[PDB]
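Let me begin by presenting the structure, written as structure tokens, before commenting on it.
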Amino acid sequence: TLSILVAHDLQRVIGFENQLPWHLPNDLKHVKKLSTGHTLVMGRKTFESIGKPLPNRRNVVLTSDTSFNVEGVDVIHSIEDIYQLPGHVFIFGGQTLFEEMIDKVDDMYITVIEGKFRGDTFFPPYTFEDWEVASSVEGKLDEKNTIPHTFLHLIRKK
Ligand SMILES: NC(=O)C1=CN([C@@H]2O[C@H](COP(=O)(O)OP(=O)(O)OC[C@H]3O[C@@H](n4cnc5c(N)ncnc54)[C@H](OP(=O)(O)O)[C@@H]3O)[C@@H](O)[C@H]2O)C=CC1
Ligand SMILES: COc1cc(Cc2cnc(N)nc2N)c2c(c1OC)O[C@H](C1CC1)C=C2
């Protein structure tokens with residue numbers, strides 16, 4: 001089973017200068033709950049962004065660098081390797097990977113950040129004609145989590 005996992009804002013910004021443009025603890029917890037015990041797949045730049053692999057799940061990095069050999073990371077070198085990985089695989093980032101996968105994945109777990117940020121990376125446009133809302137749940141706001149946001153689970157129609 002193959003899912004996208006992503007947070008994008010009202011204009012589908014996902015990234016600025018190789019970071020997330022927002023501080024949102026609730027979203028990162030969301031990620032941890034979903035992906036813990038399973039597999040992440042991510043592109044090189046995204047890994048450099050997180051910098052080490054996430055504990056307690058199988059971290060996998062897509063890169064062309066056949067020199068790449070990082071402790072605690074599986075490495076793959078084509079897209080087509082993804083379909084070999086067993087279990088629940090999450091496509092984790094970033095823009096290049098989403099672009100390449102969005103047409104391929106079963107479903108997407110999207111956090112809509114209900115704001116407009118400055119970005120330099122974007123999620124590809126998509127249509128609800130194509131995507132059934134299996135659930136939609138407002139994140140809770142609070143002293144520490146102050147941007148409105150919604151957890152969407154979308155499943156490919158038809
Ligand atoms: N808000 C969110 O949900 C998330 C946002 N982001 C944001 O996304 C942005 C990063 O996206 P982007 O810059 O596109 O980088 P990516 O994280 O998608 O990594 C791009 C790299 O992945 C490798 N790669 C991708 N496709 C292939 C392929 N088909 N075959 C071999 N290697 C491949 C290449 O690495 P190499 O050069 O080593 O060959 C490529 O340069 C950042 O701004 C980050 O903050 C990232 C994750 C989540
Ligand atoms: C691009 O930056 C990140 C992307 C991501 C990826 C990511 C973040 N948020 C959402 N909703 N989907 C994603 N695929 C993460 C992330 C990032 O910054 C360190 O951090 C956290 C924990 C501390 C490591 C988790 C994920």
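To be explicit about the labels: the chains of the structure tokens are called A, B, and onward in the order shown, and within each one the residues are counted from 1, while ligands get numbers from 1 in the order they are shown.
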Within 9 Å of ligand 1, which residues show up when you count only C-alpha atoms and all ligand atoms? List them as a ChimeraX atom specification, please. /A:4-9,12-22,42-50,61-66,68,76-80,91-100,110-111,119-123
Only C-alpha atoms, please: the residues just picked out, written as a PDB file, in the first residue's frame.
```pdb
ATOM      1  CA  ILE A   4       1.560  10.295  -0.218  1.00  0.00           C
ATOM      2  CA  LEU A   5       2.233  12.126   3.039  1.00  0.00           C
ATOM      3  CA  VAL A   6       2.448  15.896   2.716  1.00  0.00           C
ATOM      4  CA  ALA A   7       1.505  19.222   4.222  1.00  0.00           C
ATOM      5  CA  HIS A   8       0.661  22.026   1.807  1.00  0.00           C
ATOM      6  CA  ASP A   9      -0.829  25.483   2.297  1.00  0.00           C
ATOM      7  CA  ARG A  12       0.025  24.267  -2.316  1.00  0.00           C
ATOM      8  CA  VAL A  13       3.370  25.535  -1.023  1.00  0.00           C
ATOM      9  CA  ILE A  14       5.259  22.646   0.622  1.00  0.00           C
ATOM     10  CA  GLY A  15       8.769  24.097   0.984  1.00  0.00           C
ATOM     11  CA  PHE A  16      10.954  27.168   1.389  1.00  0.00           C
ATOM     12  CA  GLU A  17      14.754  26.981   1.167  1.00  0.00           C
ATOM     13  CA  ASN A  18      14.756  23.261   1.902  1.00  0.00           C
ATOM     14  CA  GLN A  19      12.672  23.656   5.049  1.00  0.00           C
ATOM     15  CA  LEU A  20       9.013  23.674   6.015  1.00  0.00           C
ATOM     16  CA  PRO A  21       7.845  27.317   6.005  1.00  0.00           C
ATOM     17  CA  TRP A  22       5.628  26.788   9.054  1.00  0.00           C
ATOM     18  CA  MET A  42      12.039  10.428   0.183  1.00  0.00           C
ATOM     19  CA  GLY A  43      14.370  12.198  -2.237  1.00  0.00           C
ATOM     20  CA  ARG A  44      17.943  13.192  -1.482  1.00  0.00           C
ATOM     21  CA  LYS A  45      17.263  16.840  -0.678  1.00  0.00           C
ATOM     22  CA  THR A  46      14.492  15.979   1.742  1.00  0.00           C
ATOM     23  CA  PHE A  47      16.819  13.624   3.623  1.00  0.00           C
ATOM     24  CA  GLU A  48      19.483  16.338   3.869  1.00  0.00           C
ATOM     25  CA  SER A  49      16.636  18.419   5.255  1.00  0.00           C
ATOM     26  CA  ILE A  50      15.761  15.959   8.012  1.00  0.00           C
ATOM     27  CA  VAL A  61      16.149   7.601   0.070  1.00  0.00           C
ATOM     28  CA  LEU A  62      15.836   8.086  -3.677  1.00  0.00           C
ATOM     29  CA  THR A  63      19.049   9.500  -5.115  1.00  0.00           C
ATOM     30  CA  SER A  64      21.281   9.160  -8.168  1.00  0.00           C
ATOM     31  CA  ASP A  65      24.411   9.206  -6.026  1.00  0.00           C
ATOM     32  CA  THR A  66      25.704   5.626  -6.103  1.00  0.00           C
ATOM     33  CA  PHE A  68      25.346   7.180  -1.097  1.00  0.00           C
ATOM     34  CA  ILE A  76      17.255   3.162  -4.119  1.00  0.00           C
ATOM     35  CA  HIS A  77      18.123   4.661  -7.470  1.00  0.00           C
ATOM     36  CA  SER A  78      14.975   4.381  -9.555  1.00  0.00           C
ATOM     37  CA  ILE A  79      11.301   5.113  -8.957  1.00  0.00           C
ATOM     38  CA  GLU A  80      10.577   1.527  -9.918  1.00  0.00           C
ATOM     39  CA  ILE A  91       6.039   8.931  -0.146  1.00  0.00           C
ATOM     40  CA  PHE A  92       7.493  11.508   2.154  1.00  0.00           C
ATOM     41  CA  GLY A  93       8.853  14.361   0.035  1.00  0.00           C
ATOM     42  CA  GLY A  94       9.774  16.362  -1.672  1.00  0.00           C
ATOM     43  CA  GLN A  95       8.417  18.214  -4.680  1.00  0.00           C
ATOM     44  CA  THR A  96      10.175  16.035  -7.244  1.00  0.00           C
ATOM     45  CA  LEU A  97       8.944  12.853  -5.580  1.00  0.00           C
ATOM     46  CA  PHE A  98       5.337  13.987  -5.228  1.00  0.00           C
ATOM     47  CA  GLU A  99       5.318  15.090  -8.857  1.00  0.00           C
ATOM     48  CA  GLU A 100       6.602  11.661  -9.856  1.00  0.00           C
ATOM     49  CA  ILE A 110      -2.655  15.738   3.222  1.00  0.00           C
ATOM     50  CA  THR A 111      -2.455  18.467   5.820  1.00  0.00           C
ATOM     51  CA  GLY A 119       7.450  29.045  -0.877  1.00  0.00           C
ATOM     52  CA  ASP A 120       9.882  27.842  -3.490  1.00  0.00           C
ATOM     53  CA  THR A 121       8.551  24.292  -3.703  1.00  0.00           C
ATOM     54  CA  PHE A 122       4.998  23.171  -4.469  1.00  0.00           C
ATOM     55  CA  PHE A 123       2.667  20.186  -4.475  1.00  0.00           C
TER      56      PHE A 123
END
```
Could you go through chain A and tell me which residues DSSP, when run on the backbone, assigns to alpha helix (DSSP H), listing them as a short mmCIF file (atom, residue, chain, number, x, y, z; two decimals) with C-alpha atoms, in the first residue's frame?
```cif
data_model
loop_
_atom_site.label_atom_id
_atom_site.label_comp_id
_atom_site.auth_asym_id
_atom_site.auth_seq_id
_atom_site.Cartn_x
_atom_site.Cartn_y
_atom_site.Cartn_z
CA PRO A 25 3.91 20.55 16.14
CA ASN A 26 0.50 18.91 15.59
CA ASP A 27 1.38 18.13 11.97
CA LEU A 28 4.72 16.55 12.85
CA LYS A 29 2.97 14.40 15.46
CA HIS A 30 0.47 13.44 12.76
CA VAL A 31 3.41 12.30 10.62
CA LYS A 32 4.91 10.31 13.48
CA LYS A 33 1.65 8.49 14.22
CA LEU A 34 1.03 7.59 10.58
CA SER A 35 4.48 6.54 9.52
CA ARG A 44 17.94 13.19 -1.48
CA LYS A 45 17.26 16.84 -0.68
CA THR A 46 14.49 15.98 1.74
CA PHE A 47 16.82 13.62 3.62
CA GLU A 48 19.48 16.34 3.87
CA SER A 49 16.64 18.42 5.26
CA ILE A 50 15.76 15.96 8.01
CA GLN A 95 8.42 18.21 -4.68
CA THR A 96 10.18 16.04 -7.24
CA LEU A 97 8.94 12.85 -5.58
CA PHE A 98 5.34 13.99 -5.23
CA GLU A 99 5.32 15.09 -8.86
CA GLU A 100 6.60 11.66 -9.86
CA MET A 101 4.34 9.61 -7.61
#
```
For residue A:142: contacts at 12 Å, only C-alpha atoms, fewer than 3 positions along chain excluded, given as an MDAnalysis selection string: chainID A and resid 24:26 139 145:149
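Using only C-alpha atoms and all ligand atoms for every distance, the candidate list A:70, A:105, A:41, A:155 yields A:41 as the residue closest to ligand 2.
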Calculated over only C-alpha atoms, which of the candidates A:87, A:37, A:53, A:115 has the smallest distance to residue A:74? A:53
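Nearest to residue A:134 of all the residues A:107, A:81, A:114, A:71 is A:107, counting only C-alpha atoms.
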Among the residues of chain A, find those DSSP assigns to strand (DSSP E or B) from the backbone and print them as a ChimeraX atom specification. /A:2-9,13-16,19,39-43,58-62,73-76,89-93,107-113,121-122,131-138,142,145,149-156
Pick the closest to ligand 2 from A:108, A:2, A:75, A:10: which is it, counting only C-alpha atoms and all ligand atoms? A:108
Students should find that atom CA of residue A:39 and atom CA of residue A:69 are spaced 17.9 Å
Using only C-alpha atoms and all ligand atoms, can you tell me which of A:11, A:127, A:150, A:1 comes closest to ligand 2? A:150
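Nearest to ligand 2 of all the residues A:52, A:118, A:158, A:104 is A:52, based on only C-alpha atoms and all ligand atoms.
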